[PDB]
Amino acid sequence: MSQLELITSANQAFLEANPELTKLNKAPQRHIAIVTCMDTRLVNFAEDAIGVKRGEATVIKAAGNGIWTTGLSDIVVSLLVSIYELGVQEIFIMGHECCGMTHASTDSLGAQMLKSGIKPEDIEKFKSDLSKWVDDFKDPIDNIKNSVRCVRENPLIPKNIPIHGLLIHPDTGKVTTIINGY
């Protein structure tokens, strides 16, 4: 059985076990956006750890949960949609210990790409841009502090929207407040 088949299969079983679900509002009912990491350990974990339930928040996830730009990015656009289209009033940026964006570099990714038959010329072309995500990621806490700053100083983001910074431990699920944005 392929991974697709397993998903198809699991979905069938899911629909059987969940025959009639209540329609939820499309807008987050706590008016909050969470930005966090793609880390496998946070899946079906992080939200329970912060007491966030289905229908309550938008959740935005990328490797290292970073905003290093004050222009636009996938994450930034997600926040604009959250605020302006979906009524979000608070942003929580939540990094995690042992992120492994910490010990990821353009060198190591480059090496891996070469192994995978990626053209060296292509690796060089993108190395500089890629650096902005993986090499600038020094430390989880620093990244949180910096990310909270970059969202704040974004000219498209209203001054009356608090931006908080949190750190979650991927094993224990302990959350520690880094920045209170009120």
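For every residue, the number given is its place in the sequence shown, counted from 1.
Engineer: Higher average CA B factor in the deposited record is what I'm after, so tell me if that's 49-57 or 114-122.
Structural biologist: It is 114-122.
Engineer: For the C-alpha atoms alone, is the average B factor greater in 19-27 or in 160-168, going by the entry?
Structural biologist: Averaged over C-alpha atoms, the B-factors run higher in 19-27.
Engineer: According to the deposited entry, which of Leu72, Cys98, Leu79, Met94 has the largest Cα B-factor?
Structural biologist: Most elevated C-alpha B-factor of the set, per the entry: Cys98.
Engineer: Considering every modelled residue of the chain and its Cα B-factor in the PDB entry, is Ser128 in the lowest, middle or highest third?
Structural biologist: CA B-factor rank for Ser128: highest third.
Engineer: Test of reading the entry: by CA B factor among the chain's modelled residues, which third contains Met38?
Structural biologist: Tercile = lowest for this residue's CA B-factor.
Engineer: In terms of the chain's CA B-factor thirds, is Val134 lowest, middle or highest?
Structural biologist: According to the entry, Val134 has a C-alpha B-factor in the chain's highest third.
Engineer: If you rank every modelled residue in this chain by C-alpha B factor, which third holds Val151: lowest, middle or highest?
Structural biologist: It belongs to the middle third of the chain when residues are ordered by C-alpha B-factor.
Engineer: Within this chain's modelled residues, let me know which third the CA B factor of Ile141 belongs to: lowest, middle or highest.
Structural biologist: Highest third.
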